[PDB]
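Counting neighbours? That spans all protein chains shown, and the Cβs are built from the backbone with ideal geometry, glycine included. Each answer follows from the model by the rule given with it, or from the source it names; none is laboratory data.
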Ligand code: NI
């Protein structure tokens with residue numbers, strides 16, 4: 001059955017709760033963003049109202065084939081009424097179309113559900129600052145002090161300079177970027193922009209990108225692999241074997257590959273700075289691991305929560321074991337004692 005952390009008290013609303021069949025009492029299902037864990041169970045067969053951003057609606061319509069009658073897209077940064085209750089969608093700084101949702105309950109309680117997010121200080125001057133938030137449903141993916149990472153901009157700058165140098169040294173090199181869902185699009189778009197190229201990709205991936213309201217998209221992406229010097233491949237193909245194989249397929253138009261694997265955190269965040277990063281190399285193929293994160297680091301999460309000062313925190317990630325929950329509760333108490341709420 002639908003867990004209490006996906007239910008909004010004193011409404012018949014749920015959030016990211018599609019895998020449990022019909023939820024008893026639920027009159028509106030919210031979807032924070034288009035990642036399969038969150039949408040799991042949604043298909044052309046679903047027949048209840050889904051509330052979401054415009055981008056998330058395009059994806060539901062076109063990729064999942066959810067019938068149009070059940071998609072209720074809402075604009076960002078706008079007070080809307082849903083089944084008698086005031087809501088606002090805010091940018092989550094996660095993947096394209098990802099939202100946080102603010103719920104103003106009839107009793108006067110205010111609840112923020114973050115969805116998946118990368119906390120940022122720009123969120124301190126949104127509509128959130130206008131009133132007290134009593135309850136917070138929090139993306140706790142990286143809720144432990146070991147999880148540090150560089151800013152997105154430091155990582156993109158590194159990617160840009162690396163790719164530009166390699167292709168100026170060898171104008172017959174191909175750049176490859178690995179991908180598995182939506183998100184982290186700036187990696188491949190910034191590399192292509194410094195090389196004066198479009199990004200080449202499969203028909204399924206192109207169809208996905210065409211839904212995302214990216215300005216001038218038709219000038220940035222193509223399905224003609226031949227004509228482009230940055231290609232997108234599935235993350236699973238980002239290895240020496242898969243990349244040699246791809247290079248055979250391109251018809252001797254390239255004689256070298258430089259590949260990027262954008263990942264989350266891995267253990268080498270605890271020593272290395274972005275400027276020290278060196279690739280793995282086998283022959284005419286190099287692979288760079290770059291920690292481009294679309295989740296809050298420990299320090300970014302702590303800052304946001306210490307600013308917000310919620311009366312109660314409800315974790316939404318890593319809640320499956322008592323050890324994880326206990327560990328998280330400890331950090332929430334420390335933050336509360338330091339900041340005086
Ligand atoms: Ni996500």
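Points worth noting:
- Number of the condition not met by residue 20 [criteria: (1) part of a loop (DSSP other than H, G, I, E, B); (2) exposed (fewer than 15 other Cβ atoms within 10 Å of the Cβ); (3) without any contact (Cβ under 8 Å) to a residue 40 or more places away in the chain]: (2)
- Qualifying residues in segment 308-328 (those that are part of a helix (DSSP H, G or I) and within 25 Å of the chain's Cα centre (by Cα)) - the one nearest to residue 114 (Cα to Cα): 308
- As for segment 68-78, it holds no residue that is under 24 Å from the mean Cα position of the chain (by Cα), within 16 Å of the ligand (Cβ to nearest atom), without any contact (Cβ under 8 Å) to a residue 60 or more places away in the chain and not assigned by CATH to the domain that holds residue 205.
- The residues on offer are 115, 183, 196, 178, and the sole one that is part of a loop (DSSP other than H, G, I, E, B) and either more than 16 Å from the ligand (Cβ to nearest atom) or without any contact (Cβ under 8 Å) to a residue 24 or more places away in the chain (or both) is 196.
- Only one of the numbered conditions (1) assigned to a loop (DSSP other than H, G, I, E, B); (2) out of contact with any helix residue (DSSP H, G or I) (no Cβ under 6 Å at 6 or more places or on another chain); (3) within 15 Å of the ligand (Cβ to nearest atom) is not met by residue 26, and that is (3).
- Yes/no for residue 58 being away from the ligand (no atom under 16 Å from the Cβ) and touching a residue at least 60 places away in the same chain (Cβ under 8 Å): yes
- Meets criteria (in a strand (DSSP E or B), within 16 Å of the ligand (Cβ to nearest atom), free of Cβ contacts under 8 Å to residues at least 40 places away in the same chain and buried (at least 19 other Cβ atoms within 10 Å of the Cβ)) for residue 90: yes
- Taken over segment 148-175, the criterion of being touching a strand residue (DSSP E or B) at 6+ places or on another chain (Cβ under 8 Å), over 21 Å from residue 285 (Cβ atoms) and part of a helix (DSSP H, G or I) is satisfied by 155 alone.
- Residue within segment 288-303 that is free of Cβ contacts under 8 Å to residues at least 60 places away in the same chain, surrounded by 15 or more Cβ atoms within 10 Å (Cβ to Cβ) and either over 17 Å from residue 159 (Cα atoms) or over 24 Å from the mean Cα position of the chain (by Cα) (or both) present: yes
- Complete set of residues in segment 208-225 that are away from the ligand (no atom under 16 Å from the Cβ), assigned to a helix (DSSP H, G or I) and surrounded by 14 or more Cβ atoms within 10 Å (Cβ to Cβ): 209, 210, 217, 225
- Subset of segment 121-143 that is surrounded by 14 or more Cβ atoms within 10 Å (Cβ to Cβ), more than 16 Å from the ligand (Cβ to nearest atom) and in contact (Cβ under 8 Å) with a residue 60 or more places away in the chain - its residue that is farthest from residue 293 (Cα to Cα): 134
- With respect to being over 23 Å from residue 157 (Cβ atoms), in contact (Cβ under 8 Å) with a residue 40 or more places away in the chain and touching a helix residue (DSSP H, G or I) at 6+ places or on another chain (Cβ under 9 Å), residue 243 fits the description.
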